[PDB]
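Atom set for the values below is all heavy atoms of this structure, side chains included, hydrogens, waters and symmetry mates excluded. Just so it is clear: chains get the letters A, B, ... in the order the sequence lines come, proteins before strands, and each one is counted from 1.
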Amino acid sequence: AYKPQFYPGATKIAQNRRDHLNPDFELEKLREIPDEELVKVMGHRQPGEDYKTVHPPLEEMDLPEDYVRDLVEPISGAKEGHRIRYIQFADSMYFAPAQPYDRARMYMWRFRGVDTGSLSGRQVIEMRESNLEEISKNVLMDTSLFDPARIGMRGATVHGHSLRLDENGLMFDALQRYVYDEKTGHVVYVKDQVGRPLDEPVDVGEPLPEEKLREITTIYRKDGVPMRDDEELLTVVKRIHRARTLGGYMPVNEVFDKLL
Amino acid sequence: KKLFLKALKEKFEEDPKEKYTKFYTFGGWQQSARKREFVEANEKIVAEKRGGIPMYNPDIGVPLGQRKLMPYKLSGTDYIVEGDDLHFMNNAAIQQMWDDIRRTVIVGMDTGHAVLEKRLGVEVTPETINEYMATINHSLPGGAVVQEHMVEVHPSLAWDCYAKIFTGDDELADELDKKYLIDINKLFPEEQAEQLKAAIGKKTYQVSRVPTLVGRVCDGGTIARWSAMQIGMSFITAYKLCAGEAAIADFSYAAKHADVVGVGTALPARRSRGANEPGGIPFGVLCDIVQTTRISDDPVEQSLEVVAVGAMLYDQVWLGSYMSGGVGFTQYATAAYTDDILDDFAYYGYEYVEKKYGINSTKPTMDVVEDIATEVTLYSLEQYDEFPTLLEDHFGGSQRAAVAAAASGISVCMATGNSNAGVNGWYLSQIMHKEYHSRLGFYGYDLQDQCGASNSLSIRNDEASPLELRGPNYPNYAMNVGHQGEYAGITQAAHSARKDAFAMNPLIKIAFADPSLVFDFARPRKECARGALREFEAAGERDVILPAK
Amino acid sequence: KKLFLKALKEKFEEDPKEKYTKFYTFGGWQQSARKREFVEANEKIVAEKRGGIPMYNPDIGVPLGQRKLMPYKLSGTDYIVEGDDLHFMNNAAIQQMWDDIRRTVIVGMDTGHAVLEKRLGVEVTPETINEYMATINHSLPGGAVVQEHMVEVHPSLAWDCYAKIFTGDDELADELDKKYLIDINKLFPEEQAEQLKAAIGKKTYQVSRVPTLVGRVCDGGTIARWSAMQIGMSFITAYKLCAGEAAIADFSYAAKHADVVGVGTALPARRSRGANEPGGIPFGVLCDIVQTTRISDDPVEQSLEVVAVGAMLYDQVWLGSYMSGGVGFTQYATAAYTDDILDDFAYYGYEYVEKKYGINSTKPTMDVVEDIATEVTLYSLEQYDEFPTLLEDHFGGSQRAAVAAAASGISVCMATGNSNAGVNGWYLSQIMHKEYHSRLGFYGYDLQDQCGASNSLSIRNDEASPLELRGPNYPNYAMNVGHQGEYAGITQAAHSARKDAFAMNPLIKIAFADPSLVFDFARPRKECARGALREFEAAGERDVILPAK
Amino acid sequence: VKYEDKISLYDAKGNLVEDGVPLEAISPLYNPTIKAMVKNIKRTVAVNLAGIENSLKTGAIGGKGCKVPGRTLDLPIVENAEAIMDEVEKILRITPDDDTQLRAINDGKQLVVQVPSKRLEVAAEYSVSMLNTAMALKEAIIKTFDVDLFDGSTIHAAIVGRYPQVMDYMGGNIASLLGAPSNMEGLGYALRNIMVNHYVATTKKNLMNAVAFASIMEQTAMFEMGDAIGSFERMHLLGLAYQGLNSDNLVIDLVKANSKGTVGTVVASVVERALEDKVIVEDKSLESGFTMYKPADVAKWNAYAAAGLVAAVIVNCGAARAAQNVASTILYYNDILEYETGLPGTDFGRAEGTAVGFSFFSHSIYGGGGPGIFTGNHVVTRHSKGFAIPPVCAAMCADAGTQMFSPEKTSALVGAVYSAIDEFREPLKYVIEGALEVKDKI
Amino acid sequence: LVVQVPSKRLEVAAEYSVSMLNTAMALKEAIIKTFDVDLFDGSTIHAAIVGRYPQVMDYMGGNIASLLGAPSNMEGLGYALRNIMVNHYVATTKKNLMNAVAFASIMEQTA
Ligand code: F43
Ligand SMILES: C[C@@H](OP(=O)(O)O)[C@H](NC(=O)CCCCCCS)C(=O)O
Ligand SMILES: O=S(=O)(O)CCS
Ligand SMILES: O=S(=O)(O)CCS
Ligand SMILES: [K+]
Ligand SMILES: [Mg+2]
């Protein structure tokens, strides 16, 4: 039986990357954000309102027999024909506990029927609206994958991942969708991810301390763990590069035996 | 001692290494003198020209300026300009740089001179050539030479139009009128003059600089045709031939097909365009348009002036307008030619290579490529980690990826003198950067970089090519920002390491040394600054034919 | 009685029927105020910019003005101008006419509105559309709407840029903000408004008028792309969507391929060019760009204003520059829109047809085509015979052949309402003219005319097409002057005889009725005169970004 | 035989057909079914008789939004489909028993025209089928209704569109699976210019057959391009066999093992199977214990990675019943595979690269569109050498109706016409039959 | 060299560029194997054979040639057999008048 190894590297950053990919690694629960509060921050619909459909349920439709196609179990939202909605995060380069390609690889290892996009300033996940809500609540917001000060939910005007932090250690947001509450020491969402004002502000808890962030981050930084210190990871990157180069030149055993 | 420190202190008030700052204190767009000028200008044109139909409105979308809007320092200069002054639409120097490239065509004269002597029995001497040169300088800008009752182009509209001559034959060069000569021996240092003359032989060429106004009204495909028509007219007049006989067709075939050298080739399918358009210019030809090799002995400086021209042309004008449009790609390009950031990384790479391998002293191997690209990539990203203001400056991942990979690619070329080894180094820098910060560029930035390693040394029909012969029509490179201009710089680095006078076309190298050009191709970053500050005198305006203002 | 008599009286001192004149006593070029201005301009402003390199020299070739150099009267106007003022390079009105055509693209909005409602579940109302229209008028000229730290295009450089909306749905039209609406019911006479609305149905369209400066720096192929980028940006902002999600790609596919209508299609092989270039514009579309049909009920006047635009665009700009260059083809084109010559011949043909057959009352037959074309050709050539000053005016045979054949072709269309019957009449006029005077046009003038009769009614793959669907890329028509503009007039005559509101594309007809356009497409001969006299205010100048005069 | 490789042929239901079949039996250079598919794709034309009738009646000729007043003709073309069909056949036919074939479908509204293959034999390329069909139709209509000579050009415009002004069938009523040569993005690319939606509609949305049709045409194009030549040939043959034709039941086996799985669990199954079949070997363990792997057979590892890619698309796009997920699936299946093993991904990074540009151009303002409008010829999706387009076809078959530019919107005409040809509708079944026919002749 | 590609390769191809593309690939591999050319120099071999392809969609500056022009140069649909230079017909028939006439008429009428 093949035992997956997930990711190479001998530093704690590479171990944090392995833990995220590993479906058997239980992510630490840090907070309890109610379903109703999260739906409101997402800003696609109000809680209790019937899910909008893109197509009729699969059971109703009479599709021709296709053995291979029907071998795969569809997710609950696909069965009910629910529309496809999104959740987008900007992750601070200053030790945020989740990073763009780290997220996408983790999503593809742990979740079913995922459309995910990785960019320097934003990381998006497009999924059947109902399934997207359960995942966002139990994995993306309640666990150590989320830090209310250094990870921001934003669908437009994403600028901030590469910027200096503010006085309270909060990441920049041109629309100020979240604010620091001095009295409680908690981060509060005053707007939805697209910038619409909320009727009721949503408390997302207190920011994680710098010592905890440095321990669990998936980013290499000279002022944290430099990538220069992970010789093992550099060996695998260079190997993939060389294997790609030689295969492109001549995909034959003799070439790989002599030059790899 | 970092080359970018001066720019950071001019741009940021706080310590360049400080991680914390203050936001939402700048009054939005009102913080910028340029944005205030735009609002005031809008109010005027809406009432006077648009009949009350609104246009520019800073309140519709994003409230710009929640963060401090930063100015930019042109690398290697002391000019500090606002970002908006670097957009191609607002910068007459960038527009003239493209106009001067677009309106250039080179025509071999030896074929035409053979038709005259061997088919027509008419003698060709330096005196007849000098008479021909005076004729084409009247005909090319739109003056008439044969027919009665001809109308003509207003001279004030075509003052930038010239026909020049150059030759590899030193004996002929000495006899030609210096007013029309592009003097290879005077314009280039001795060693460079000898490499160019040996490459071109004893051949004679005409450079047609078609009026800027022509390319503006029409397109790039017009240029070789305009030049050919007037070359034909000038031969008929200067040599008293029948004004339309069998031998005239040979001159047209030579000037339009057999002896013509343009800047770019026609593009097919979705990119359907005529010759002399930016997408048709291969990377080796772009190197040869740039003239820093003639005035500086610094191989790094030579390569980075090519990166500047490449980013301005390929990203701002070509991808940002011809292939897209709107607000465009100013800052995707400025990251490669501002605040001395790429300069610092490329100079670090040069010194690392000079000490470890020496310059142009190593045959390319995978071990050599991997060593150099890794070291330069790690140094570059460590700079963004150490200086929070540097990361806030190159805020977009695509800008950071292009800068780190360009320095890596250039450094590999300094050691090997092979452009494909250099591009292979660029691709390793890209996949390493991705694992360093767990991000790279925009959504579709790394299509060519993931394809990269496999196609870099490929021998297959649509994958193979020396980097010099690749360009914006090379399949993997046809769509995305933050690559094309940097590839041109990597191409230059291979030739700068070898101390080559040219990269791919010596005719182009000689043609763009002409002192009669409007844009200064030897100092592009300086020229860009002059355009940004509205100090650049461009050609193509229509003042004389418009109502007084 | 003869419409050209007034012009001949203004142009020639002697009686128009006189046999003799005097030559070689005018002092050459010195007789003309325009030529004197050119010599003076060469000495002053030109010389200081060239560093002693000569340019304009009237003494090098042909001594112009051995005969009297004649001015020209714009047909149907009292404006008398010098010939040089009609060259496209020296005339800002001709340049703006082309700029306005080049920078236009039409995009269907119903598909995008369906993606919003059915895929995204976002409601579309007249209020949301009005909000969208304000957004695109900020975004299309180069203003930013989503990202922080964006640079922008100076509003003073893009005041001519507009995004407009039109609809066949009268209920929606009543609810849309009039500032952005192209009002079909107000701009067109009632009967024409009904024909257009019935043709387009209940569909809604947006017209993007990209800045003039964009097409000047770049090309025609840029226009549909620039429009698509900013349409996408405006939808994201106005409807608060994720700034880059799956559904956004549908808007791009619709705006670039599935629901886009440009002025011209891309050209292949030797003519390799992008969309929205003159060669890609079919004759039926050129008719629909011209707007005389909305302001005049005269079918002859409607057809001749199309001939004027056609000659100016196809002969002066397209064949004279894009496909050749230099001094060019001003007078090959002016013969079709000056001195009321073609007007006299076309009005004679109209009256002959009106009395004998009636207007649009005869099914085309070879007998009908042969009768009309013969009569109009004989009348036309008899005018050149009777008036020596008229022959001295249209001194080139090509000019005479195009004028006589255009009047013949137009007259056949007045009787039949069939554009191919009209073009067949043009070809008979050509071969008859050849036998009348034992000459026709220039060396290669009649390639398409000898091929003409056989391909006019052909059903073969590369020979067949209604004249509306033919254009400058139709194989026989791809090379020569004195045809394309006249063919557009023949196409218009078929629709003018039928009292049609449009010839081929009702979307183009509506788009060019926009009062916000710079050039007046309803009065082209008058606009040309205004440009000739330097009274026309053009867009695209760069004053604000250049050093103070 | 140039190679000693053997493959086991399995059908679309996962049933064994035959073990020990030579690899070259599925080659475009030897397989008789592949030869027939190219011959038929080149000579078959889809005719829209209802379209011609509508264009003539309304005067909607010359392309989108065009209408020419006074140039209308009211002809009952559909009602006279049989008479028109018989005249077209008479014009095209060379010998009484040749392969000229005409068929009326949807009650004479559309026509399946198969030009005799002799006409393609004496032609340089394939445009002849469209050009000859257009001419036969023009003559047949003119003769049937005694159309006036001044109206013949109108008939031409309703059939071919704005040709020759445009070097394409702009606004025409005739169609082919192949795009005009004027639209090729590279030399030898004609068989790559086939829309994803056309493959899906032609196979009636049957997943394994849409995958097979796309892999056959893409890999045949690789031979035409010169990519599947010399030392590169075996890579393309193994690619066709394993990714496109379910060889050794590899595609179906990986799907079955991951019925309730993820892209990550598919990667783990691929590595496990490659190790079992001795396609890859352990190289060395690094400091953390991470073990790098190496191919034991470079071209065969590439084919196994390619089969796993199709399985990953089936599992992930099937769980969502949405095609948009395909670009992200192709990208991250290859990205995860490389960092799980240190091995090169599908097509040495070119499948991952294609997926990057494909994701961007299927989620941005700059170009592209939905997954169904892409082709192997497209500027965005040409980069992988036959390994990216077959998975996109699988995703479109799993889509339950989330796309605007679906095959029902873009490919109704070509879909109905080409599905009438057996080798196009069920390619897997007929290519297997062809391999068994030639197996002992090579 | 006179290279006649097997007709089977044209039978399973859409058009005729396959002959030029397959010959170019066989030549590149044959030269690289014969002289053991270094992997960093392979792109140079490609450029000497096909020219500035794929930047230009033609064999610009190449050393391989056909009587037929590239399909990218066709001026109309179905024109490939018409894109043959007059001088090519003359040189191929060794300037024999009636044979040059016959060759040109055969190709033109087949087109
Ligand atoms: C709507 C898109 C999706 C798309 O197809 N293009 C956009 C927008 C487009 C518009 C924005 C104009 C406007 O605001 O009205 C323009 C200027 C192109 C145009 N249409 O003229 C552009 N981007 Ni974008 N775009 C940029 C960039 C970026 C960076 C910004 C990262 C950050 O942290 O701020 C990210 C990609 C990434 O994450 O890597 C990005 C995405 C995006 N880019 C997201 C919007 C993100 C947002 O909501 O803020 N661009 C850059 O990384 C730098 C250059 C910058 C370009 C302008 C210039 O070059 O001056 C601009 C290039
Ligand atoms: C892909 C293609 O678009 P289409 O899919 O054909 O609509 C192509 N555009 C581009 O490649 C846009 C390039 C410039 C903008 C993106 C820079 S990252 C073009 O318009 O021909
Ligand atoms: O967000 S995207 O990567 O699609 C565009 C960057 S300009
Ligand atoms: O003399 S020619 O007829 O060849 C050219 C006319 S402008
Ligand atoms: K232009
Ligand atoms: Mg292990």
Suppose we screen for salt bridge (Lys or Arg N to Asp or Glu O under 4.0 Å). Which residues come up paired with [X], at least two apart in sequence or across chains?
X: A:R122; result: none
X: A:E210; result: A:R214, B:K19
X: A:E126; result: none
X: A:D192; result: A:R196

Legend entry - Neighbour count >12 (heavy atoms, 6.0 Å) for atom NZ, A:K79: no
Inset, instruction - For atom CD of A:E182, decide whether the heavy atoms of other residues, nucleotides or ligands shown that lie under 6.0 angstrom number more than 12. - result: no
Going by the rule side-chain hydrogen bond (donor to acceptor under 3.5 Å, both in side chains), which residues pair with [X] if we only count those two or more places apart in sequence or in a different chain?
X: A:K29; answer: A:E32
X: B:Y20; answer: none
X: A:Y7; answer: A:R17, B:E435
X: A:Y189; answer: none

Mind checking the [atom1]-[atom2] spacing from [X] to [Y]? Nearest 0.5 Å is all I need.
X: A:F25; Y: A:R18; atom1: CZ; atom2: CZ; result: 11.5 Å
X: B:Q66; Y: A:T157; atom1: CD; atom2: OG1; result: 10.0 Å
X: A:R103; Y: A:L140; atom1: CZ; atom2: CG; result: 6.5 Å
X: A:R128; Y: A:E133; atom1: CZ; atom2: CD; result: 14.0 Å
X: A:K3; Y: D:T291; atom1: NZ; atom2: OG1; result: 11.5 Å
X: B:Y436; Y: A:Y220; atom1: OH; atom2: OH; result: 10.5 Å

Looking at residues at least two apart in the chain, or sitting in another chain, which of them share a side chain to side chain contact (heavy atoms under 4.5 Å, CB included) with [X]?
X: A:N168; result: A:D166, A:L170, A:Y180
X: A:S130; result: A:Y51, A:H82
X: A:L30; result: A:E28, A:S144, A:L208
X: A:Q46; result: A:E49

Legend entry - B:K434/D:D335 ion pair, N-O < 4.0 Å: yes
Inset, instruction - Answer yes or no: is there a side-chain heavy-atom contact under 4.5 Å between A:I219 and B:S438? - result: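 Sidechains of B:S438 and A:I219: no contact.
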Taking every non-hydrogen atom, the tightest pair across [X] and [Y]:
X: A:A96; Y: A:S92; result: CB-O, 3.1 Å
X: A:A14; Y: A:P8; result: CB-O, 3.6 Å
X: A:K191; Y: A:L175; result: NZ-O, 2.8 Å
X: D:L254; Y: D:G308; result: CD1-CA, 3.7 Å

Inset, instruction - Verify whether the ring centers belonging to D:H363 and B:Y443 lie closer than 6.0 Å. - result: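 Distance test on ring centres: under 6.0 Å, yes.
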Legend entry - Pair A:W109 + D:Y332: ring centers closer than 6.0 Å: no
Legend entry - Partner of B:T21 under side-chain hydrogen bond (donor to acceptor under 3.5 Å, both in side chains), chosen from B:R67, B:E14, B:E13, B:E392: B:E14
Inset, instruction - Go through the steps to decide whether D:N316 and A:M108 satisfy the test side-chain contact (heavy atoms from CB on, under 4.5 Å), and finish with yes or no. - result: CA-CA 9 Å; D:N316 202 55; A:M108 287 281 174; 4.1 Å; yes
Inset, instruction - Decide side-chain hydrogen bond (donor to acceptor under 3.5 Å, both in side chains) for A:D102 and A:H20; before the verdict, give the C-alpha distance in whole Å, the side-chain angles of both, and the deciding distance to 0.1 Å. - result: CA-CA 8 Å; A:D102 154 43; A:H20 284 193; 2.8 Å; yes
Inset, instruction - If the plane angle is over 60° it's perpendicular, under 30° parallel, otherwise tilted; pick one for B:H394 and B:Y384. - result: tilted
Inset, instruction - Specify whether A:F111 and A:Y107 have parallel, tilted or perpendicular ring planes, treating 30° as the upper limit for parallel and 60° as the lower limit for perpendicular. - result: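 Rings of A:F111 and A:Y107: parallel, under 30°.
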Verify whether one side chain among [X] and [Y] offers a donor that lies under 3.5 Å from an acceptor in the other.
X: D:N334; Y: D:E338; answer: no
X: A:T11; Y: A:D230; answer: yes
X: A:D173; Y: A:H159; answer: no
X: A:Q5; Y: D:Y339; answer: no
X: A:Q123; Y: A:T116; answer: yes
X: A:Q99; Y: A:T218; answer: no
X: A:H186; Y: A:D203; answer: yes

Legend entry - Cation-pi, A:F95 ring and A:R221 (6.0 angstrom, 45 degrees): yes
Donor-acceptor contact below 3.5 Å, side chain [X] vs main chain [Y]:
X: D:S259; Y: A:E73; value: no
X: A:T235; Y: A:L233; value: no
X: A:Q193; Y: A:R177; value: no
X: A:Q88; Y: A:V124; value: no

Inset, instruction - Given side-chain contact (heavy atoms from CB on, under 4.5 Å), test B:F12 with B:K68 step by step and report yes or no. - result: CA-CA 9 Å; B:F12 303 87; B:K68 168 227 70 166; 3.3 Å; yes
Inset, instruction - Could you walk me through whether D:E340 and A:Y2 pass side-chain hydrogen bond (donor to acceptor under 3.5 Å, both in side chains), step by step? - result: CA-CA 12 Å; D:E340 173 58 36; A:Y2 182 74; 2.7 Å; yes
Legend entry - Stepwise salt bridge (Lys or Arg N to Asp or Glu O under 4.0 Å) test for A:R164 and B:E18: CA-CA 8 Å; A:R164 285 169 296 172; B:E18 182 49 41; over 6 Å; no
Inset, instruction - Give me the one residue out of A:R83, A:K52, A:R85 that meets salt bridge (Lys or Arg N to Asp or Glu O under 4.0 Å) with A:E129. - result: A:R83
Inset, instruction - Might you work through the side-chain hydrogen bond (donor to acceptor under 3.5 Å, both in side chains) test for D:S269 and D:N258, ending with a clear yes or no? - result: CA-CA 8 Å; D:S269 296; D:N258 296 280; 3.0 Å; yes
